[PDB]
C-alpha cells in the first residue's frame, strides 16, 4: 500500500490552542483518504504562544509548563497532543515530529560574551576585533524547573548570535570566542559557512550539547511515541551530527524512525552531497521539484512539461526524496514564498501522488486552504488524486514525458490491489491525447477519469494501449471503471 504523508499545519493557523484537537478529530478522515503519516508542527514551547514553533525555546515543554507567557503552545497542550497521536495511531497513521536543533531563541537572560563580528556574506571573514556583546544565551527554563531535564543552556553551548542586546545593530553575526569555538563543519558553504541562521546557534562541536540533543531526541520520540522526524534547517547543522543523532535515536528506540530533512537549496548537487555526508540514512525534501512545479505553474503553458522532473531528487534518488507541492515556507507571504499556482496544483499533486517514485506529502494549506490569504481548500480536487494513489497507483510504471505540454504515465496495477492500474495524463497547455500502454492484461477494460475532468470513457485496446485524453491546463487520471 502506497505511503502518503500530510504536513498537518500551515504558517497562518490561528493561535487558538485548538490544533491538536482538530488533528485528533480528523484522524479518522485522514486514514480514509489514504494518509499514512502525519507531520506535525513543533510541539514544544517557542518564543511566545503564537510562535509557529521554530523559535525553539524549550524542547521539553510540550505545552505543559507556564513559560514564555503561556502554558499551551500555539497548537494546544501536551495532553491534547498525546490524544491526537493516540487517535492517529489508532487509525494506523504514523506521526512524524518536527525537530529543530539548530538554535534556541527566547533565552531567559543575556550573557556578556567575548565575540567577533563576521561578514554575513562570508561567515569565515572576521570583520571586527574581539569585543564583549550582550548575548541571549542563558536558558534556565524557570517554568519547567528540572522536570524531564536539568540541562541549562549557556553561551558556551552556542557558536554565536546575531543580536547584541547592548548595541542592537542589524545585519550582524557574532562568533563567540572561547577555546574550541568555531562555526560547525561540515555545513552548507553558502555565505562561506552557513552554520549560523538565527537566534542562538547551537554548537554541535560541544560534547555536552551533542549528548543533550541525543538524549532529548530519545525523550521526544518516547514521550510522543513518534514514528519518525522532519529535521529542520539541516544545511545549518553539522552534517555528521545529524547523521549520528538519527542513528543514535534509531538505535536507542529500536524504531525505524523514518526521517526527512529540509535542506532548502534548489541544487541537486548540494542535496546529493548532504545525502553522501549523512550516509544515505534519511531522505530529503525534493526542493528542486518544488521549484520546477512553481516555475511551471508560472509559465503560462510554456514550460516544457517533458523536463518537469529534471534536476530533481525524485528523478535521481527516488528512495530518498519526499516530494511536495508546497509547504509552510513556500506558502504566500512566507520566507521562501514560491507557491504553486492554483490551476497547476492538481497537475502537481498528480505528479507526486500517482508516480511510483518518492514519498509524497500533502500540504495542509493546499488541502484545507489558507483563509488569511485567499487560498481556497483544494481538498475536492486532491481527494480524487489521493483516491487514485490509495487504490490505483500500483505496479510497473511507463512514462511518457515526450511533449512540451502533454505528459503522462501509466501504472500496470498489481495483484495485491484489485482493479489497480491507472493512466495519468496532464497538460499545462491545450488539451490533447496520448497513446499509452497500461498492460496487455487490461485489454478490453473500460476506464474513466477518476477526477471527473474528462467525461466519458476509454477502452483499452487488444494490445494494452489506449488513447487517453486530457483537457487544457488539466490532469485526468483514468482508472478501470
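Residue numbers count along the first chain shown, from 1.
- Checked against the record, the higher mean CA B factor of 57-65 and 452-460 lies with 452-460.
- For the two regions 188-196 and 263-271, the entry's Cα B-factors average higher over 263-271.
- Sorting 250, 103, 214, 379 by the CA temperature factor given in the entry leaves 379 at the top.
- The entry lists C-alpha B-factors for 46, 430, 421, 41, and the highest of these is at 430.
- Among the modelled residues of its chain, residue 161 has a C-alpha B-factor that falls in the lowest third according to the deposited record.
- Split the chain's modelled residues into thirds by C-alpha temperature factor. Residue 12 is in the highest one.
- Per-chain ranking of the deposited C-alpha B factor places residue 290 in the lowest third.
- Looking at the C-alpha B-factors along this chain, the one for residue 296 belongs to the lowest third.
- The PDB entry assigns residue 27 a C-alpha temperature factor belonging to the middle third of its chain's modelled residues.
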